[PDB]
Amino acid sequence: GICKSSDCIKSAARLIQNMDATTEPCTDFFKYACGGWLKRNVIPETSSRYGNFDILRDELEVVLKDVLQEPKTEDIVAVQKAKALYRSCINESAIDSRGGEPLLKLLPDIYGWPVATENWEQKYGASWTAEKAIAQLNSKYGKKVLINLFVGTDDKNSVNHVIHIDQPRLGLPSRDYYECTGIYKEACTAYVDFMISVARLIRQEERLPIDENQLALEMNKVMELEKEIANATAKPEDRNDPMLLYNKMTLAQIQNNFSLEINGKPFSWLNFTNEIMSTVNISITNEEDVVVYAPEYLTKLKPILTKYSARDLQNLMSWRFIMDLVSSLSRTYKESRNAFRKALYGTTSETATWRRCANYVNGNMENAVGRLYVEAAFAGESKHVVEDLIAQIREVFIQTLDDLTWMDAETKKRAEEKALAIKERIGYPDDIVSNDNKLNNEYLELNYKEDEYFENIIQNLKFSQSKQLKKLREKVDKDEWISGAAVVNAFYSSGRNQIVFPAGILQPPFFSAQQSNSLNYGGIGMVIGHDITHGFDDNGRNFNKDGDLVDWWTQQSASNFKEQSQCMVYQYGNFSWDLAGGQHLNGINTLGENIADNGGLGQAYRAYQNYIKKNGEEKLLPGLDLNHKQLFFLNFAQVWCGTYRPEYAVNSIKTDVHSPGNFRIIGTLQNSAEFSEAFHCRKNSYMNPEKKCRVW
């Protein structure tokens, strides 16, 4: 009774290639499950990390290349535009011939880049106001600097949009980098050298004198300014409670409580907001309600901005925008970027042009590219079977509530209601394939010229920002997907109470109608459980069945949750990551993903046990002396096999919201008695500790 099919042999081969039977399962299951993987697969020169997910993403890019690179006679206007955008992106002849000219033509429209301008004060200094300069980058280009103003869903009224004020993103990956001492020194030095190189190239291209000493002074001052801004931002552990982050008030209250003097001019919040919303023909009064996510940042900004001139501020602001544009310019400009990416990520090589270009088109025309991808790569039978697996795991979560004693009967009822109201999205929205008209209308305003890639990306920035700002007075679309189809990932939205499984993740090793159901439950089954469990993690539990930020917990059940979850903060906090020079994981930053992993694997195992109880044991795999209980856990581990560069691991441990793959496997399996039963693990072996954490 061993499976004899081609598919079982190829499944068995894959499992055997990746594992290492010269390790004990109960000593380190990562090594046992992924030892073979780690010996075989090296981290590509273009990758900062590598694993099952990255390999599937590289393979997805090849499908996108193959469906984008050839015209077809029967292509609708949406597909033609996507293919025209791709062709403009890969034509490096046309891009190299234009040098930096497209950036030079644009710079006046953002009030210039002083370091790269002769007589900046005379040209722009007079007419310059923080309000107009920040609004312009925001409204026209989608770039948020100093003050992050955006139109988003109201946390407390999930059917409406509201204007948010938040701290902005930094030029370096996180605030920690702006210490610029020790492991960060390389990054900060490369960041300034990147600024100077682009400044030198713009000056050389406009035939201005290059004073090397002057470039250094100015760009070292941009870094000094951004050091203060970063130091003013709230830490991720102070932004992880959505109730304390929500602070609704009026533009009037804002004008009083968060006063700023910028360039010696009192900042007008009303002038700032109207500068942005006036681009979509919407007026704003002092009565306008606004969510402030970063009160303490705005307060710390006041003393900082007193010490800096318009010239100092625009040198930072314009640079933050130029950073995002370099990859759309000539070979020469991309050289300066590659050096900084090496210093930061440890990558020695630039990603293949056609890979970067496929990903750009997918990111900007997700429905058009999704349509092409699913026709090319996606079965159709997959949608039905996965919809069934989601049904089973959703019911397993609901049934599991009865076993959860630390929750009272009323909190159990509220949880079941949320679980029943979770909106599932599988593969792709049918309308991208079946409704040509709706898809065309989505991209109607977009008109791409094939010899103008830079004009094409600038048009894309205006299009996206326009669409987002003009939602302020509209209601949230309930039919909208939080992911395109050509994506190797899965998501939960607390605001929509929605789980998405794009076509990209519904392939081996996660899922196949052909592969064993033990592998399906251990792969996509655990991924389904994970994303359902996100609705009930330290963040998601604060939102109710309609995505409204409202406490549906008793004080006792809430205390109990914190108690249970605290176990997992300490468990993962005690993990020492050797690729990060033995630094400990941040148990608080990773808690959400850690709750989801532990919860998700348990839900998936129970669903598989129920599947067995009904449909009975299935045929073993040839060449593997393993039962199907063991294959479930083995596929789980192999789904998360991967490795990281020591360069982008000693840094990323402090900010990462996911645990590394090895601790995702070790952490969850340590907390599973079912794992230790399937591999008969001796009590107090590394993988079978006596203390086991659990929430869901």
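Numbering starts at 1 and runs along the sequence shown.
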- Query: Is the mean CA B factor in the deposited entry higher across 43-51 or across 647-655?
  - Reply: 647-655
- Note on the structure: Of 410-418 vs 82-90, the stretch with the larger average CA B-factor in the entry is 410-418
- Could you tell me which one of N213, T153, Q167, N542 shows the highest CA temperature factor in the PDB record? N213
- Note on the structure: For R355, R371, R394, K478, the deposited C-alpha B-factor is largest at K478
- Query: Compared with the other modelled residues in the chain, in which third is the CA B-factor of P295?
  - Reply: middle
- Message: Is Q69 in the lowest, middle or highest third of its chain when residues are ranked by C-alpha B-factor?
- Response: highest
- Against its chain's modelled residues, does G100's Cα B factor rank lowest, middle or highest third? middle
- Could you look up the Cα B-factor of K438 in the entry and say which third of the chain it sits in: lowest, middle or highest? middle
- B-factor third for the C-alpha atom of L137 within its chain: lowest
